[PDB]
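First the structure, in the form of structure tokens, and then the observations on it.
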Amino acid sequence: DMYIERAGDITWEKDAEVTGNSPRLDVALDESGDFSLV
Amino acid sequence: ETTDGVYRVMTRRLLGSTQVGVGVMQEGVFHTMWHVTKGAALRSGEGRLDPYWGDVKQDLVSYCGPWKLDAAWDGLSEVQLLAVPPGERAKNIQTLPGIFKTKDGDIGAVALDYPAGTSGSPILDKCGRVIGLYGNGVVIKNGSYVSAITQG
Ligand SMILES: N=C(N)N[C@@H]1CCCCNC(=O)[C@H](CCCCN)NC(=O)[C@H](CCCCN)NC(=O)CCNC(=O)CNC(=O)CNC1=O
């Protein structure tokens with residue numbers, strides 16, 4: 001079986017680390033819910 | 001145990017207590033990604049949560065009710081990934097999403113890499129609304145990860 005335990009509130013943190021770029025990618029979503037690069 | 005918030009999804013089937021994914025509890029409904037639970041029932045203390053809606057192509061699944069998360073990325077502002085990695089405390093990561101361009105339309109994407117068990121951590125807009133779930137993405141040339149902002 002599985003279980004869940006609470007890990008925090010859903011809040012925006014004003015003093016958060018910014019990172020990560022912003023790529024524009026051509027992708028395909030197959031019937032099994034998997035993305036693929038096209 | 002049903003107060004709003006982000007939750008870890010744990011299993012005891014392997015060695016020790018493993019975290020297979022993350023979820024969002026809102027309006028009495030628990031939201032996560034299909035590949036996390038694959039539709040299995042979940043324990044929340046004494047009570048049991050049973051699947052209500054699922055869709056393998058969307059890679060989403062609801063518990064105790066219909067999907068309730070309807071906020072969407074505005075396509076301009078930065079967003080925050082409330083990442084909940086296995087064994088580590090929740091951490092907000094701000095970023096400017098990218099774009100998955102698909103035959104049927106464009107979806108926001110976040111280029112943040114995290115352990116497999118982070119699947120399901122919510123993504124928030126500046127007003128705190130959950131705009132999607134992190135987990136369903138791709139791997140690019142460099143070899144690291146780009147996740148869609150999967151919204152129901
Ligand atoms: N791989 C990188 N860079 N990042 C991810 C970040 C955390 C991931 C959380 N989401 C997940 O696990 C889902 C579950 C499956 C969902 C299916 N609808 N899978 C993924 O979305 C992708 C992308 C689909 C492939 C497309 N043909 N599949 C992989 O990524 C396999 C590569 N396997 C390793 O790389 C070895 N394991 C690791 O690197 C651990 N971290 C990772 O896998």
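Chain identifiers are assigned as A, B, and so on, following the order in which chains appear in the structure tokens; residues are numbered from 1 within each chain, and ligands are numbered from 1 in order of appearance.
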List every residue of chain A that has an atom at most 6 Å from any atom of segment 48-62 of chain B, and for each one report the closest atom pair and its distance in Å to one decimal, counting only C-alpha atoms, with rows sorted by chain and then by increasing residue number, as CSV.
```
residue,atom,partner,partner_atom,distance
A:31,CA,B:57,CA,5.7
A:32,CA,B:57,CA,5.3
A:33,CA,B:57,CA,3.9
```
### Task
Give the strand (DSSP E or B) residues of chain B, as assigned by DSSP on the backbone, as an MDAnalysis selection string.
chainID B and resid 5:11 18:26 29:33 42:44 47:49 51:55 60:63 79:83 91:95 98:102 105:110 122:124 130:133 137:139 145:148 150
Nearby polymer residues, ligand 1, at most 8 Å, only C-alpha atoms and all ligand atoms, as a CSV table (one decimal) with N, CA, C and O atoms, in the first residue's frame:
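Output contents, as saved in part-v2.csv:
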```
chain,number,residue,atom,x,y,z
A,32,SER,N,0.5,7.1,-24.4
A,32,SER,CA,0.8,6.6,-23.1
A,32,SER,C,1.3,7.7,-22.1
A,32,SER,O,1.8,7.4,-21.1
A,33,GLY,N,1.1,9.0,-22.5
A,33,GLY,CA,1.4,10.1,-21.6
A,33,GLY,C,2.9,10.4,-21.5
A,33,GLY,O,3.3,10.9,-20.5
A,34,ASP,N,3.7,10.0,-22.5
A,34,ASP,CA,5.1,10.3,-22.5
A,34,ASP,C,5.4,11.3,-23.6
A,34,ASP,O,5.0,11.2,-24.7
A,35,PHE,N,6.2,12.4,-23.2
A,35,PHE,CA,6.6,13.4,-24.1
A,35,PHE,C,7.9,12.9,-24.8
A,35,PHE,O,8.7,12.2,-24.3
A,36,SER,N,8.0,13.4,-26.1
A,36,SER,CA,9.1,13.0,-26.9
A,36,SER,C,9.5,14.2,-27.7
A,36,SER,O,8.6,15.0,-28.2
A,37,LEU,N,10.8,14.4,-28.0
A,37,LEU,CA,11.3,15.5,-28.7
A,37,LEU,C,11.1,15.3,-30.2
A,37,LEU,O,11.3,14.2,-30.8
B,35,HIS,N,1.5,8.4,-12.9
B,35,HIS,CA,2.7,7.5,-12.7
B,35,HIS,C,3.2,7.4,-11.3
B,35,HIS,O,4.0,6.5,-11.0
B,36,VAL,N,2.8,8.3,-10.4
B,36,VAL,CA,3.2,8.2,-9.0
B,36,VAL,C,2.4,7.0,-8.4
B,36,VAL,O,3.0,6.0,-8.0
B,59,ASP,N,-1.5,11.9,-17.5
B,59,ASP,CA,-0.7,11.5,-16.4
B,59,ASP,C,-1.1,12.2,-15.1
B,59,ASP,O,-0.3,12.6,-14.3
B,112,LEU,N,13.9,22.4,-14.5
B,112,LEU,CA,14.4,22.1,-13.1
B,112,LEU,C,14.5,20.6,-13.0
B,112,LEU,O,13.5,19.9,-13.3
B,113,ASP,N,15.7,20.1,-12.6
B,113,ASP,CA,15.9,18.7,-12.4
B,113,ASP,C,15.9,18.3,-10.9
B,113,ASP,O,16.5,19.0,-10.1
B,114,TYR,N,15.1,17.3,-10.6
B,114,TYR,CA,15.0,16.8,-9.2
B,114,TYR,C,14.8,15.3,-9.2
B,114,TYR,O,14.5,14.7,-10.3
B,115,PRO,N,15.0,14.7,-8.1
B,115,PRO,CA,14.9,13.2,-8.0
B,115,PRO,C,13.5,12.7,-8.5
B,115,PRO,O,12.5,13.5,-8.6
B,116,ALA,N,13.5,11.5,-8.9
B,116,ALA,CA,12.3,10.9,-9.5
B,116,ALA,C,11.1,11.0,-8.5
B,116,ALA,O,10.0,11.3,-8.9
B,117,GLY,N,11.3,10.8,-7.2
B,117,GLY,CA,10.3,11.0,-6.2
B,117,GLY,C,9.8,12.4,-6.1
B,117,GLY,O,8.8,12.5,-5.3
B,118,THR,N,10.3,13.4,-6.8
B,118,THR,CA,9.7,14.7,-6.7
B,118,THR,C,8.5,14.8,-7.6
B,118,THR,O,7.8,15.9,-7.6
B,119,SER,N,8.2,13.8,-8.4
B,119,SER,CA,7.0,13.8,-9.3
B,119,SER,C,5.8,14.2,-8.5
B,119,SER,O,5.5,13.6,-7.5
B,134,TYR,N,4.6,19.1,-11.5
B,134,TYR,CA,5.9,18.8,-12.0
B,134,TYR,C,6.1,17.3,-12.1
B,134,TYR,O,5.7,16.6,-11.2
B,135,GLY,N,6.7,16.8,-13.2
B,135,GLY,CA,6.9,15.4,-13.3
B,135,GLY,C,7.0,14.8,-14.7
B,135,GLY,O,7.8,13.9,-14.9
B,136,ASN,N,6.1,15.3,-15.6
B,136,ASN,CA,6.0,14.7,-16.9
B,136,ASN,C,6.7,15.6,-17.9
B,136,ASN,O,6.2,16.7,-18.3
B,137,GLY,N,7.9,15.2,-18.4
B,137,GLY,CA,8.8,16.0,-19.2
B,137,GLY,C,9.6,15.2,-20.2
B,137,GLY,O,9.2,14.1,-20.6
B,138,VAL,N,10.8,15.7,-20.5
B,138,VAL,CA,11.7,15.2,-21.5
B,138,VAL,C,13.1,15.4,-21.1
B,138,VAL,O,13.4,16.2,-20.1
B,139,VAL,N,14.0,14.8,-21.8
B,139,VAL,CA,15.5,15.0,-21.6
B,139,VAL,C,16.1,15.5,-22.9
B,139,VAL,O,15.8,15.0,-24.0
B,143,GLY,N,21.3,16.4,-21.4
B,143,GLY,CA,21.1,15.2,-20.6
B,143,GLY,C,20.3,15.5,-19.3
B,143,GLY,O,20.0,14.6,-18.6
B,144,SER,N,19.9,16.8,-19.1
B,144,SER,CA,19.0,17.1,-18.0
B,144,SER,C,17.6,17.4,-18.4
B,144,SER,O,17.3,17.3,-19.6
B,145,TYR,N,16.8,17.8,-17.5
B,145,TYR,CA,15.4,17.6,-17.5
B,145,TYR,C,14.6,18.9,-17.8
B,145,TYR,O,14.9,20.0,-17.3
B,146,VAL,N,13.5,18.7,-18.5
B,146,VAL,CA,12.5,19.8,-18.7
B,146,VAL,C,11.1,19.1,-18.5
B,146,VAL,O,10.7,18.2,-19.2
B,147,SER,N,10.4,19.7,-17.5
B,147,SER,CA,9.1,19.1,-17.2
B,147,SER,C,8.0,20.0,-17.7
B,147,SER,O,8.1,21.3,-17.7
```
### Task
Excluding segment 17-22 of chain A and residues on its chain fewer than 2 positions from it, collect all residues at most 7 Å away from it, counting only C-alpha atoms, and give them as a list in words.
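So the residues in contact are residues 15 and 24 of chain A; 93, 94, 95, 96, 97, 98, 111 and 112 of chain B.
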### Query
Using only C-alpha atoms, which residues sit within 9 Å of segment 120-128 of chain B once same-chain residues fewer than 3 positions away are excluded, as a ChimeraX atom specification?
/A:10-12 /B:6-8,21-24,31-33,36,71-74,77-85,117,131-136,149
Written selection (N, CA and C atoms) as an mmCIF file, in the first residue's frame:
```cif
data_model
loop_
_atom_site.group_PDB
_atom_site.id
_atom_site.type_symbol
_atom_site.label_atom_id
_atom_site.label_comp_id
_atom_site.auth_asym_id
_atom_site.auth_seq_id
_atom_site.Cartn_x
_atom_site.Cartn_y
_atom_site.Cartn_z
ATOM 1 N N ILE A 10 0.923 25.575 0.532
ATOM 2 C CA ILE A 10 1.126 26.000 -0.846
ATOM 3 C C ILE A 10 1.244 27.518 -0.825
ATOM 4 N N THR A 11 2.478 28.018 -0.779
ATOM 5 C CA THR A 11 2.721 29.445 -0.633
ATOM 6 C C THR A 11 3.858 29.884 -1.546
ATOM 7 N N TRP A 12 3.730 31.103 -2.059
ATOM 8 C CA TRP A 12 4.808 31.753 -2.788
ATOM 9 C C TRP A 12 5.780 32.377 -1.792
ATOM 10 N N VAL B 6 0.543 20.574 0.427
ATOM 11 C CA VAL B 6 1.333 19.641 -0.369
ATOM 12 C C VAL B 6 1.706 18.457 0.509
ATOM 13 N N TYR B 7 1.650 17.254 -0.061
ATOM 14 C CA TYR B 7 1.873 16.026 0.688
ATOM 15 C C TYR B 7 2.874 15.135 -0.032
ATOM 16 N N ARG B 8 3.664 14.406 0.752
ATOM 17 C CA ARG B 8 4.497 13.344 0.211
ATOM 18 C C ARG B 8 3.683 12.063 0.063
ATOM 19 N N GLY B 21 6.382 10.032 -4.902
ATOM 20 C CA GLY B 21 5.875 11.227 -5.546
ATOM 21 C C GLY B 21 5.337 12.221 -4.541
ATOM 22 N N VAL B 22 4.694 13.256 -5.082
ATOM 23 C CA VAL B 22 4.157 14.372 -4.318
ATOM 24 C C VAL B 22 2.733 14.629 -4.795
ATOM 25 N N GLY B 23 1.948 15.286 -3.940
ATOM 26 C CA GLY B 23 0.575 15.598 -4.283
ATOM 27 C C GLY B 23 0.136 16.905 -3.660
ATOM 28 N N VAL B 24 -1.045 17.355 -4.080
ATOM 29 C CA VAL B 24 -1.632 18.602 -3.606
ATOM 30 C C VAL B 24 -3.030 18.303 -3.085
ATOM 31 N N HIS B 31 -4.599 15.726 -5.444
ATOM 32 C CA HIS B 31 -4.140 15.733 -6.822
ATOM 33 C C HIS B 31 -2.693 15.266 -6.890
ATOM 34 N N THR B 32 -2.406 14.406 -7.859
ATOM 35 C CA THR B 32 -1.055 13.913 -8.091
ATOM 36 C C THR B 32 -0.959 13.457 -9.543
ATOM 37 N N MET B 33 0.171 12.853 -9.892
ATOM 38 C CA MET B 33 0.412 12.364 -11.241
ATOM 39 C C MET B 33 0.153 10.864 -11.301
ATOM 40 N N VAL B 36 2.762 8.252 -10.414
ATOM 41 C CA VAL B 36 3.164 8.169 -9.015
ATOM 42 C C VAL B 36 2.429 7.005 -8.365
ATOM 43 N N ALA B 71 -6.109 26.910 -12.140
ATOM 44 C CA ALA B 71 -5.285 28.066 -12.460
ATOM 45 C C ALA B 71 -4.292 27.721 -13.566
ATOM 46 N N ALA B 72 -3.964 28.719 -14.385
ATOM 47 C CA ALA B 72 -3.117 28.510 -15.549
ATOM 48 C C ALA B 72 -1.998 29.540 -15.592
ATOM 49 N N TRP B 73 -0.846 29.105 -16.098
ATOM 50 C CA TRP B 73 0.252 30.024 -16.357
ATOM 51 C C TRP B 73 -0.202 31.129 -17.301
ATOM 52 N N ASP B 74 0.171 32.368 -16.977
ATOM 53 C CA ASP B 74 -0.196 33.496 -17.824
ATOM 54 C C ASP B 74 0.707 33.640 -19.042
ATOM 55 N N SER B 77 4.787 35.762 -16.722
ATOM 56 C CA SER B 77 5.421 35.908 -15.423
ATOM 57 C C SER B 77 6.274 34.686 -15.086
ATOM 58 N N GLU B 78 7.128 34.858 -14.082
ATOM 59 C CA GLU B 78 7.840 33.734 -13.502
ATOM 60 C C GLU B 78 6.914 32.958 -12.572
ATOM 61 N N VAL B 79 7.294 31.712 -12.295
ATOM 62 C CA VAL B 79 6.517 30.832 -11.438
ATOM 63 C C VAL B 79 7.454 30.189 -10.424
ATOM 64 N N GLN B 80 6.858 29.513 -9.446
ATOM 65 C CA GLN B 80 7.601 28.868 -8.375
ATOM 66 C C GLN B 80 7.248 27.392 -8.330
ATOM 67 N N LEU B 81 8.271 26.545 -8.381
ATOM 68 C CA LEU B 81 8.106 25.113 -8.179
ATOM 69 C C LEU B 81 8.307 24.819 -6.698
ATOM 70 N N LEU B 82 7.232 24.424 -6.019
ATOM 71 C CA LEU B 82 7.317 23.998 -4.624
ATOM 72 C C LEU B 82 7.791 22.547 -4.618
ATOM 73 N N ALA B 83 9.100 22.381 -4.794
ATOM 74 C CA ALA B 83 9.692 21.056 -4.912
ATOM 75 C C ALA B 83 9.790 20.383 -3.550
ATOM 76 N N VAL B 84 9.433 19.103 -3.512
ATOM 77 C CA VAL B 84 9.473 18.312 -2.284
ATOM 78 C C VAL B 84 10.278 17.046 -2.550
ATOM 79 N N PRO B 85 11.606 17.105 -2.500
ATOM 80 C CA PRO B 85 12.422 15.939 -2.858
ATOM 81 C C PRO B 85 12.419 14.902 -1.750
ATOM 82 N N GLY B 117 11.350 10.827 -7.232
ATOM 83 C CA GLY B 117 10.308 10.964 -6.234
ATOM 84 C C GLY B 117 9.754 12.361 -6.065
ATOM 85 N N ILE B 131 -0.715 26.077 -10.665
ATOM 86 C CA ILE B 131 -0.929 26.106 -12.108
ATOM 87 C C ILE B 131 -0.606 24.778 -12.779
ATOM 88 N N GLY B 132 -0.074 23.807 -12.047
ATOM 89 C CA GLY B 132 0.218 22.514 -12.631
ATOM 90 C C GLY B 132 1.076 21.681 -11.704
ATOM 91 N N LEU B 133 1.373 20.470 -12.169
ATOM 92 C CA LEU B 133 2.174 19.510 -11.424
ATOM 93 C C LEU B 133 3.447 19.188 -12.194
ATOM 94 N N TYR B 134 4.560 19.121 -11.469
ATOM 95 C CA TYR B 134 5.867 18.831 -12.044
ATOM 96 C C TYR B 134 6.087 17.325 -12.085
ATOM 97 N N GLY B 135 6.669 16.840 -13.182
ATOM 98 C CA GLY B 135 6.925 15.416 -13.286
ATOM 99 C C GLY B 135 6.957 14.812 -14.678
ATOM 100 N N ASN B 136 6.098 15.272 -15.586
ATOM 101 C CA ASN B 136 6.001 14.708 -16.932
ATOM 102 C C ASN B 136 6.744 15.615 -17.907
ATOM 103 N N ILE B 149 4.258 21.822 -17.373
ATOM 104 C CA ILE B 149 3.370 22.310 -16.310
ATOM 105 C C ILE B 149 2.027 21.622 -16.556
#
```
### Query
Just how far from atom CA of residue 25 of chain B is atom CA of residue 3 of chain B, in Å to one decimal?
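Going from atom CA of residue 3 of chain B over to atom CA of residue 25 of chain B covers 6.9 Å.
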### Query
What is the distance between atom CA of residue 13 of chain B and atom CA of residue 45 of chain B, in Å to one decimal?
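Distance between the two atoms: 17.2 Å.
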### Query
Residues of segment 24-81 of chain B in alpha helix (DSSP H) according to DSSP, as a ChimeraX atom specification?
/B:34-37
### Message
Given only C-alpha atoms as the basis, pick out the residue of A:16, A:9, A:4, A:30 nearest to residue 26 of chain B.
### Response
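That would be A:9, the residue with the smallest distance to residue 26 of chain B.
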### Query
If we count only C-alpha atoms, what is near residue 26 of chain A at a cut-off of 8 Å, once residues fewer than 3 positions away on the same chain are taken out, given as a ChimeraX atom specification?
/A:37-38 /B:100-102
Those residues with N, CA, C and O atoms, as a short mmCIF file (atom, residue, chain, number, x, y, z; two decimals), in the first residue's frame please?
```cif
data_model
loop_
_atom_site.label_atom_id
_atom_site.label_comp_id
_atom_site.auth_asym_id
_atom_site.auth_seq_id
_atom_site.Cartn_x
_atom_site.Cartn_y
_atom_site.Cartn_z
N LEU A 37 10.81 14.39 -27.97
CA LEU A 37 11.32 15.51 -28.75
C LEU A 37 11.06 15.28 -30.23
O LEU A 37 11.31 14.19 -30.75
N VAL A 38 10.57 16.31 -30.91
CA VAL A 38 10.34 16.23 -32.34
C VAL A 38 11.01 17.41 -33.04
O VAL A 38 12.22 17.40 -33.27
N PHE B 100 6.58 23.88 -24.24
CA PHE B 100 6.39 22.69 -25.06
C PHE B 100 5.43 23.06 -26.19
O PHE B 100 4.26 23.35 -25.93
N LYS B 101 5.91 23.05 -27.42
CA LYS B 101 5.06 23.30 -28.58
C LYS B 101 4.63 21.96 -29.16
O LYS B 101 5.48 21.18 -29.61
N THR B 102 3.33 21.69 -29.13
CA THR B 102 2.80 20.42 -29.59
C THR B 102 1.74 20.64 -30.66
O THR B 102 1.25 21.76 -30.87
#
```
### Message
Which residues are close to residue 3 of chain A, i.e. within 8 Å by only C-alpha atoms, leaving aside same-chain residues fewer than 3 positions away? Reply as a list in words.
### Response
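Everything that qualifies: residues 9, 10, 11, 42, 43, 44 and 45 of chain B.
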### Atom-to-atom span, atom CA of residue 6 of chain A and atom CA of residue 28 of chain B, Å
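The value is 13.9 Å.
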### Message
Excluding residue 27 of chain B and its own-chain neighbours fewer than 3 positions away, which residues fall within 12 Å of it when counting only C-alpha atoms? Please give them as a PyMOL selection string.
### Response
chain B and resi 2-5+24+30-31+62-69
Write out, as a short mmCIF file (atom, residue, chain, number, x, y, z; two decimals), in the first residue's frame, the residues just selected, with N, CA and C atoms.
```cif
data_model
loop_
_atom_site.label_atom_id
_atom_site.label_comp_id
_atom_site.auth_asym_id
_atom_site.auth_seq_id
_atom_site.Cartn_x
_atom_site.Cartn_y
_atom_site.Cartn_z
N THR B 2 -6.96 15.78 5.96
CA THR B 2 -7.43 16.35 4.70
C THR B 2 -7.27 17.85 4.63
N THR B 3 -6.36 18.43 5.41
CA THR B 3 -6.18 19.87 5.32
C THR B 3 -5.39 20.21 4.07
N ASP B 4 -5.72 21.37 3.49
CA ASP B 4 -5.06 21.82 2.27
C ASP B 4 -3.55 21.80 2.44
N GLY B 5 -2.84 21.56 1.35
CA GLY B 5 -1.40 21.63 1.36
C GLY B 5 -0.79 20.62 0.40
N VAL B 24 -1.04 17.36 -4.08
CA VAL B 24 -1.63 18.60 -3.61
C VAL B 24 -3.03 18.30 -3.08
N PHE B 30 -7.34 15.21 -3.47
CA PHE B 30 -5.90 15.02 -3.53
C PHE B 30 -5.48 14.85 -4.98
N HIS B 31 -4.60 15.73 -5.44
CA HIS B 31 -4.14 15.73 -6.82
C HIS B 31 -2.69 15.27 -6.89
N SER B 62 -7.07 12.06 -9.62
CA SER B 62 -7.76 12.72 -8.52
C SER B 62 -8.16 11.70 -7.47
N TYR B 63 -8.37 12.18 -6.25
CA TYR B 63 -8.79 11.33 -5.14
C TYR B 63 -9.90 12.01 -4.35
N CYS B 64 -10.95 11.25 -4.05
CA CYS B 64 -12.10 11.69 -3.26
C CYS B 64 -12.94 12.74 -3.96
N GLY B 65 -12.65 13.06 -5.23
CA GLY B 65 -13.43 14.04 -5.94
C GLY B 65 -12.86 14.42 -7.29
N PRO B 66 -13.60 15.26 -8.02
CA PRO B 66 -13.12 15.73 -9.32
C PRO B 66 -11.93 16.67 -9.18
N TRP B 67 -11.10 16.69 -10.22
CA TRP B 67 -9.96 17.60 -10.26
C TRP B 67 -10.41 19.03 -9.99
N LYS B 68 -9.73 19.70 -9.06
CA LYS B 68 -10.15 21.03 -8.61
C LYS B 68 -9.19 22.15 -9.01
N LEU B 69 -8.01 21.83 -9.53
CA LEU B 69 -6.99 22.84 -9.83
C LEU B 69 -7.20 23.37 -11.24
#
```
